[PDB]
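Data block below; observations after.
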Amino acid sequence: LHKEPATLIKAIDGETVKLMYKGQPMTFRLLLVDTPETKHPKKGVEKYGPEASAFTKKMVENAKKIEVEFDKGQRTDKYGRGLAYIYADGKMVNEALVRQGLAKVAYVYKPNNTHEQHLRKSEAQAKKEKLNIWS
Ligand SMILES: Cc1cn([C@H]2C[C@H](OP(=O)(O)O)[C@@H](COP(=O)(O)O)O2)c(=O)[nH]c1=O
Ligand SMILES: [Ca+2]
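In PDB author numbering, the protein residues as written are 7 to 141.
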């Protein structure tokens, strides 16, 4: 796997950010994570939804360097969103959320699962600390 620069355009929610990637604006969906939703008629605004969104927002907007890291499989989902691990100043946003109890490790579709163990570890830790979603 290898990281590549990208430039923030706009944070959308806990698990979705719009980035300028190789001169093209594109929506990125964070691999292996599921944050409570904010925007949707179906299951409305879930608890921690606002919290997950603010955390991703703050994390990426405060970064001086954003990097994108694709996995080994498909790089886009059916909605045309890039599927990646996003790094803000070297910190993986996907793991940060999980670690904080603001996302569940989800949507594990092989072979796009290189960091699954890593994330599972952090999830178990947030669970053990009864953080947010796990409180
Ligand atoms: C994270 C991720 C989501 N998706 C799909 C599964 C879901 O499809 P459906 O829309 O059929 O439920 C949707 C969830 O996106 P969000 O959680 O952003 O809503 O995106 C993938 O296809 N691959 C992925 O790796
Ligand atoms: Ca979601």
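All C-beta atoms, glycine included, are put in the ideal place defined by N, C-alpha and C.
- A residue is called buried once 16 or more other Cβ atoms fall within 10 Å of its Cβ, and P42 is buried on that count.
- Contact check between the region 82 to 92 and the region 44 to 51: fewer than three CB pairs, one atom from each, fall below 8 Å, which does not count as touching.
- It is roughly 9 Å from the alpha-carbon of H8 to the alpha-carbon of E73.
- When C-alpha distances from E57 are compared across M26, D83, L108, the shortest belongs to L108.
- In this chain, the beta strand (DSSP E) harbouring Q30 covers 30 to 36.
- Annotated three-state conformation of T62 is helix, per DSSP.
- One Cα belongs to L125, the other to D19, and the distance between them is close to 19 Å.
- Considered as a whole, the region 87 to 118 harbours 88 to 94 as its complete beta strand (DSSP E) runs of no fewer than 3 residues, in chain order.
- Taking the Cα positions, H46 is about 11 Å away from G55.
- In the structure shown, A69 falls within a coil segment according to DSSP collapsed to helix, strand and coil.
- The beta carbon of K16 is closer than 8 Å to those of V23, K24 in its chain, skipping five residues each way along the sequence.
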